[PDB]
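Raw contents of protein17.pdb, PDB, C-alpha atoms:
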ATOM      1  CA  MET A 386      -7.511   2.636  21.766  1.00  0.00           C
ATOM      2  CA  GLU A 387      -9.437   5.727  20.734  1.00  0.00           C
ATOM      3  CA  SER A 388     -11.668   8.276  22.423  1.00  0.00           C
ATOM      4  CA  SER A 389     -14.683   8.818  20.200  1.00  0.00           C
ATOM      5  CA  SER A 390     -12.235   9.161  17.334  1.00  0.00           C
ATOM      6  CA  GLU A 391     -13.599  10.115  13.935  1.00  0.00           C
ATOM      7  CA  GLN A 392     -13.780   7.719  11.010  1.00  0.00           C
ATOM      8  CA  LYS A 393     -10.300   6.976   9.718  1.00  0.00           C
ATOM      9  CA  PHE A 394      -9.560   4.799   6.711  1.00  0.00           C
ATOM     10  CA  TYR A 395      -6.779   4.372   4.180  1.00  0.00           C
ATOM     11  CA  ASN A 396      -6.848   3.567   0.483  1.00  0.00           C
ATOM     12  CA  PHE A 397      -3.508   1.788   0.414  1.00  0.00           C
ATOM     13  CA  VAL A 398      -0.787   0.465   2.686  1.00  0.00           C
ATOM     14  CA  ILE A 399       2.707   1.734   1.966  1.00  0.00           C
ATOM     15  CA  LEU A 400       4.915  -1.143   3.055  1.00  0.00           C
ATOM     16  CA  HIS A 401       8.431   0.101   3.700  1.00  0.00           C
ATOM     17  CA  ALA A 402      11.302  -0.401   6.113  1.00  0.00           C
ATOM     18  CA  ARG A 403      11.773   1.829   9.134  1.00  0.00           C
ATOM     19  CA  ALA A 404      14.483   3.868   7.452  1.00  0.00           C
ATOM     20  CA  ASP A 405      12.246   4.691   4.514  1.00  0.00           C
ATOM     21  CA  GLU A 406       9.755   6.888   6.328  1.00  0.00           C
ATOM     22  CA  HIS A 407      10.225  10.264   4.683  1.00  0.00           C
ATOM     23  CA  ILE A 408      10.277   8.181   1.524  1.00  0.00           C
ATOM     24  CA  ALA A 409       6.767   6.888   2.106  1.00  0.00           C
ATOM     25  CA  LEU A 410       5.679  10.175   3.636  1.00  0.00           C
ATOM     26  CA  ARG A 411       6.920  11.659   0.383  1.00  0.00           C
ATOM     27  CA  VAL A 412       4.712   9.281  -1.565  1.00  0.00           C
ATOM     28  CA  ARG A 413       1.525   9.713   0.430  1.00  0.00           C
ATOM     29  CA  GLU A 414       1.539  13.354  -0.603  1.00  0.00           C
ATOM     30  CA  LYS A 415       2.785  12.685  -4.113  1.00  0.00           C
ATOM     31  CA  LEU A 416      -0.288  10.484  -4.284  1.00  0.00           C
ATOM     32  CA  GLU A 417      -2.503  13.357  -3.206  1.00  0.00           C
ATOM     33  CA  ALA A 418      -0.994  15.315  -6.073  1.00  0.00           C
ATOM     34  CA  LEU A 419      -2.494  12.846  -8.520  1.00  0.00           C
ATOM     35  CA  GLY A 420      -5.530  11.511  -6.697  1.00  0.00           C
ATOM     36  CA  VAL A 421      -5.015   8.825  -4.082  1.00  0.00           C
ATOM     37  CA  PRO A 422      -4.853  10.372  -0.603  1.00  0.00           C
ATOM     38  CA  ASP A 423      -2.097   9.975   1.958  1.00  0.00           C
ATOM     39  CA  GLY A 424      -3.343   6.482   2.717  1.00  0.00           C
ATOM     40  CA  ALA A 425      -0.727   5.262   5.164  1.00  0.00           C
ATOM     41  CA  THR A 426       2.429   3.195   5.491  1.00  0.00           C
ATOM     42  CA  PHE A 427       2.884  -0.179   7.144  1.00  0.00           C
ATOM     43  CA  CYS A 428       6.295  -0.590   8.732  1.00  0.00           C
ATOM     44  CA  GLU A 429       7.434  -3.496  10.873  1.00  0.00           C
ATOM     45  CA  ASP A 430       9.232  -2.537  14.061  1.00  0.00           C
ATOM     46  CA  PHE A 431      10.935  -5.016  16.357  1.00  0.00           C
ATOM     47  CA  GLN A 432      10.623  -2.498  19.165  1.00  0.00           C
ATOM     48  CA  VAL A 433       6.944  -3.203  19.708  1.00  0.00           C
ATOM     49  CA  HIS A 434       5.361  -6.533  20.561  1.00  0.00           C
ATOM     50  CA  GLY A 435       4.247  -6.858  16.960  1.00  0.00           C
ATOM     51  CA  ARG A 436       0.479  -6.489  16.927  1.00  0.00           C
ATOM     52  CA  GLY A 437       0.699  -3.097  18.589  1.00  0.00           C
ATOM     53  CA  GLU A 438       0.798  -1.086  15.385  1.00  0.00           C
ATOM     54  CA  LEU A 439      -1.836  -2.317  12.963  1.00  0.00           C
ATOM     55  CA  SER A 440      -4.235  -5.235  12.711  1.00  0.00           C
ATOM     56  CA  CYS A 441      -2.655  -7.279   9.946  1.00  0.00           C
ATOM     57  CA  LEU A 442      -1.409  -7.069   6.378  1.00  0.00           C
ATOM     58  CA  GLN A 443      -4.551  -8.662   4.993  1.00  0.00           C
ATOM     59  CA  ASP A 444      -6.397  -5.833   6.698  1.00  0.00           C
ATOM     60  CA  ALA A 445      -5.244  -3.204   4.231  1.00  0.00           C
ATOM     61  CA  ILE A 446      -6.251  -5.744   1.611  1.00  0.00           C
ATOM     62  CA  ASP A 447      -9.850  -5.665   2.782  1.00  0.00           C
ATOM     63  CA  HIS A 448      -9.587  -2.119   4.080  1.00  0.00           C
ATOM     64  CA  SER A 449      -7.162  -0.386   1.749  1.00  0.00           C
ATOM     65  CA  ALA A 450      -7.996  -0.225  -1.938  1.00  0.00           C
ATOM     66  CA  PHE A 451      -4.686  -1.414  -3.333  1.00  0.00           C
ATOM     67  CA  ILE A 452      -1.703  -2.515  -1.277  1.00  0.00           C
ATOM     68  CA  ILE A 453       1.403  -0.512  -2.094  1.00  0.00           C
ATOM     69  CA  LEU A 454       4.622  -2.463  -1.704  1.00  0.00           C
ATOM     70  CA  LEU A 455       7.513  -0.048  -1.342  1.00  0.00           C
ATOM     71  CA  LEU A 456      10.012  -2.251  -3.139  1.00  0.00           C
ATOM     72  CA  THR A 457      13.158  -0.646  -1.778  1.00  0.00           C
ATOM     73  CA  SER A 458      16.622  -1.964  -1.016  1.00  0.00           C
ATOM     74  CA  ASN A 459      15.774  -0.880   2.511  1.00  0.00           C
ATOM     75  CA  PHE A 460      12.461  -2.708   2.447  1.00  0.00           C
ATOM     76  CA  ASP A 461      11.637  -6.368   1.941  1.00  0.00           C
ATOM     77  CA  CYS A 462       9.594  -7.316  -1.101  1.00  0.00           C
ATOM     78  CA  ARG A 463       9.841 -11.087  -0.871  1.00  0.00           C
ATOM     79  CA  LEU A 464       8.153 -11.037   2.517  1.00  0.00           C
ATOM     80  CA  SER A 465       5.545  -8.524   1.421  1.00  0.00           C
ATOM     81  CA  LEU A 466       4.759 -10.950  -1.377  1.00  0.00           C
ATOM     82  CA  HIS A 467       4.445 -13.800   1.095  1.00  0.00           C
ATOM     83  CA  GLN A 468       2.232 -11.797   3.422  1.00  0.00           C
ATOM     84  CA  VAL A 469       0.165 -10.006   0.806  1.00  0.00           C
ATOM     85  CA  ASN A 470      -0.170 -13.407  -0.821  1.00  0.00           C
ATOM     86  CA  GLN A 471      -1.332 -15.280   2.257  1.00  0.00           C
ATOM     87  CA  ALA A 472      -3.723 -12.403   2.841  1.00  0.00           C
ATOM     88  CA  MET A 473      -5.045 -12.825  -0.681  1.00  0.00           C
ATOM     89  CA  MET A 474      -5.190 -16.607  -0.660  1.00  0.00           C
ATOM     90  CA  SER A 475      -6.503 -16.228   2.869  1.00  0.00           C
ATOM     91  CA  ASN A 476      -9.758 -14.496   2.015  1.00  0.00           C
ATOM     92  CA  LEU A 477     -10.595 -14.486  -1.676  1.00  0.00           C
ATOM     93  CA  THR A 478     -14.352 -14.645  -1.241  1.00  0.00           C
ATOM     94  CA  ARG A 479     -13.902 -11.171   0.189  1.00  0.00           C
ATOM     95  CA  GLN A 480     -12.193  -9.128  -2.501  1.00  0.00           C
ATOM     96  CA  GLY A 481     -10.461 -11.959  -4.316  1.00  0.00           C
ATOM     97  CA  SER A 482      -8.253  -9.298  -5.854  1.00  0.00           C
ATOM     98  CA  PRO A 483      -4.736 -10.758  -5.973  1.00  0.00           C
ATOM     99  CA  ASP A 484      -3.951  -7.999  -8.442  1.00  0.00           C
ATOM    100  CA  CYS A 485      -4.584  -5.175  -6.004  1.00  0.00           C
ATOM    101  CA  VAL A 486      -0.879  -4.870  -5.292  1.00  0.00           C
ATOM    102  CA  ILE A 487       1.175  -1.823  -6.197  1.00  0.00           C
ATOM    103  CA  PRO A 488       4.956  -2.297  -6.236  1.00  0.00           C
ATOM    104  CA  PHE A 489       6.155   1.250  -5.675  1.00  0.00           C
ATOM    105  CA  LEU A 490       9.737   2.225  -6.408  1.00  0.00           C
ATOM    106  CA  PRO A 491      11.062   5.397  -4.764  1.00  0.00           C
ATOM    107  CA  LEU A 492      14.098   7.357  -5.891  1.00  0.00           C
ATOM    108  CA  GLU A 493      15.912   6.383  -2.714  1.00  0.00           C
ATOM    109  CA  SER A 494      15.848   2.792  -3.909  1.00  0.00           C
ATOM    110  CA  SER A 495      15.714   1.015  -7.248  1.00  0.00           C
ATOM    111  CA  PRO A 496      14.573  -2.263  -8.818  1.00  0.00           C
ATOM    112  CA  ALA A 497      18.095  -3.146  -9.891  1.00  0.00           C
ATOM    113  CA  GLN A 498      18.902  -3.129  -6.193  1.00  0.00           C
ATOM    114  CA  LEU A 499      16.424  -5.970  -5.858  1.00  0.00           C
ATOM    115  CA  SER A 500      17.000  -9.625  -6.655  1.00  0.00           C
ATOM    116  CA  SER A 501      16.481 -10.892 -10.182  1.00  0.00           C
ATOM    117  CA  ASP A 502      13.443 -12.638  -8.746  1.00  0.00           C
ATOM    118  CA  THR A 503      11.696  -9.387  -7.899  1.00  0.00           C
ATOM    119  CA  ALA A 504      11.026  -8.962 -11.601  1.00  0.00           C
ATOM    120  CA  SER A 505       9.066 -12.190 -11.372  1.00  0.00           C
ATOM    121  CA  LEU A 506       7.645 -11.113  -8.033  1.00  0.00           C
ATOM    122  CA  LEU A 507       6.095  -8.099  -9.717  1.00  0.00           C
ATOM    123  CA  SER A 508       5.710  -9.882 -13.032  1.00  0.00           C
ATOM    124  CA  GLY A 509       2.027  -9.014 -13.164  1.00  0.00           C
ATOM    125  CA  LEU A 510       1.443  -5.996 -10.959  1.00  0.00           C
ATOM    126  CA  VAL A 511       1.770  -2.406 -12.111  1.00  0.00           C
ATOM    127  CA  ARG A 512       5.265  -1.193 -11.317  1.00  0.00           C
ATOM    128  CA  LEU A 513       4.725   2.151  -9.626  1.00  0.00           C
ATOM    129  CA  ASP A 514       7.530   4.685  -9.800  1.00  0.00           C
ATOM    130  CA  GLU A 515       8.071   8.070  -8.195  1.00  0.00           C
ATOM    131  CA  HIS A 516      10.406   9.460 -10.830  1.00  0.00           C
ATOM    132  CA  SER A 517       8.458   8.361 -13.883  1.00  0.00           C
ATOM    133  CA  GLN A 518       6.470  10.833 -15.948  1.00  0.00           C
ATOM    134  CA  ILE A 519       3.968   8.036 -16.443  1.00  0.00           C
ATOM    135  CA  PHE A 520       3.615   7.022 -12.813  1.00  0.00           C
ATOM    136  CA  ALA A 521       0.868   9.625 -12.745  1.00  0.00           C
ATOM    137  CA  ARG A 522      -1.131   7.570 -15.216  1.00  0.00           C
ATOM    138  CA  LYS A 523      -0.082   4.477 -13.302  1.00  0.00           C
ATOM    139  CA  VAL A 524      -1.574   5.658 -10.030  1.00  0.00           C
ATOM    140  CA  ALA A 525      -4.498   7.348 -11.740  1.00  0.00           C
ATOM    141  CA  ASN A 526      -4.899   3.998 -13.453  1.00  0.00           C
ATOM    142  CA  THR A 527      -4.992   1.694 -10.453  1.00  0.00           C
ATOM    143  CA  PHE A 528      -5.987   4.245  -7.838  1.00  0.00           C
ATOM    144  CA  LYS A 529      -8.682   5.752 -10.028  1.00  0.00           C
ATOM    145  CA  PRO A 530     -11.019   8.369  -8.541  1.00  0.00           C
ATOM    146  CA  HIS A 531     -14.069   6.309  -9.420  1.00  0.00           C
ATOM    147  CA  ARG A 532     -12.437   3.471  -7.520  1.00  0.00           C
ATOM    148  CA  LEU A 533     -11.089   5.373  -4.539  1.00  0.00           C
ATOM    149  CA  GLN A 534     -14.703   6.306  -3.917  1.00  0.00           C
ATOM    150  CA  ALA A 535     -16.462   3.203  -5.184  1.00  0.00           C
ATOM    151  CA  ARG A 536     -13.979   1.409  -2.960  1.00  0.00           C
ATOM    152  CA  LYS A 537     -14.752   3.518   0.086  1.00  0.00           C
ATOM    153  CA  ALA A 538     -18.434   3.616  -0.784  1.00  0.00           C
ATOM    154  CA  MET A 539     -18.534   0.428   1.252  1.00  0.00           C
ATOM    155  CA  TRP A 540     -17.205   2.197   4.323  1.00  0.00           C
ATOM    156  CA  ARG A 541     -19.147   5.409   3.840  1.00  0.00           C
ATOM    157  CA  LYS A 542     -22.205   3.197   4.130  1.00  0.00           C
ATOM    158  CA  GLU A 543     -21.883   4.151   7.780  1.00  0.00           C
ATOM    159  CA  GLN A 544     -22.587   7.793   7.030  1.00  0.00           C
ATOM    160  CA  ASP A 545     -24.805   7.089   4.044  1.00  0.00           C
TER     161      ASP A 545
END
Represent the structure contained in this file as structure tokens.
Amino acid sequence: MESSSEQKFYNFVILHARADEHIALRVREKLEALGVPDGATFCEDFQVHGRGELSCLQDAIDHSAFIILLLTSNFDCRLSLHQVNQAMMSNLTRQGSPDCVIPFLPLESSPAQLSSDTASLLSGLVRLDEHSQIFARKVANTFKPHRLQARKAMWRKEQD
């Protein structure tokens, strides 16, 4: 539902638990301090019916530039992988970018707190940190400015 609402669009979906809000909210901005905008954050709540929050996970895959998986001890990575995956293997002819994932790691949580499989789960993506002095180059690497635009240039087509 929306009353003549303006054009809203994200560049990435920050997947995190429900107790990792401020965490994500802390990233969105931190992202705006490097380049990528606030974007958003996809959290699953058992309070709602389910499809009362967002469309789907594969939506941010075709909508958001790169999906950001908040790999936190409070959040579920395995699932994210499953979903994100299905989304990818679901519609490849679209973006066919199975490497558009961004496993973020906040200070609140850590990778060591994750299973030994996680390493293999993100054994290809670009581990994004929030306490790394390189993370800046990591985000500016994946979420480049020429991409954030060239990626939204497909949505702006509306205004263009």
For segment 399-416 of chain A, work out the shell of residues within 9 Å, counting only C-alpha atoms and skipping chain neighbours fewer than 5 positions away, then give it as an MDAnalysis selection string. chainID A and resid 421:430 452:457 459:462 465 489 491:493 515 521 524
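When only C-alpha atoms are used to measure the gap to residue 445 of chain A, the shortest distance among A:466, A:539, A:419, A:485 belongs to A:485.
Closest approach to residue 484 of chain A among A:510, A:464, A:389, A:458 is made by A:510 (distances from all atoms listed in the file).
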note - atom CA of residue 397 of chain A and atom CA of residue 486 of chain A are separated by 9.2 Å
Pick out the residues sitting within 9 Å of segment 469-477 of chain A, and hand them over as a compact mmCIF listing (two decimals) with C-alpha atoms, in the frame of the given file; count all atoms listed in the file, and ignore anything fewer than 2 positions along from it in its own chain.
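For reference, selection-v8.txt as written:
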# COMPACT_ATOMS: atom_id res chain seq x y z
CA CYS A 441 -2.66 -7.28 9.95
CA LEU A 442 -1.41 -7.07 6.38
CA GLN A 443 -4.55 -8.66 4.99
CA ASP A 444 -6.40 -5.83 6.70
CA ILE A 446 -6.25 -5.74 1.61
CA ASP A 447 -9.85 -5.66 2.78
CA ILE A 452 -1.70 -2.52 -1.28
CA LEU A 464 8.15 -11.04 2.52
CA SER A 465 5.54 -8.52 1.42
CA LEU A 466 4.76 -10.95 -1.38
CA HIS A 467 4.44 -13.80 1.10
CA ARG A 479 -13.90 -11.17 0.19
CA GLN A 480 -12.19 -9.13 -2.50
CA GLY A 481 -10.46 -11.96 -4.32
CA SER A 482 -8.25 -9.30 -5.85
CA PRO A 483 -4.74 -10.76 -5.97
CA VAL A 486 -0.88 -4.87 -5.29
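Of note, atom CA of residue 531 of chain A and atom CA of residue 506 of chain A are spaced 27.9 Å apart.
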Between atom CA of residue 433 of chain A and atom CA of residue 498 of chain A lies a distance of 28.5 Å
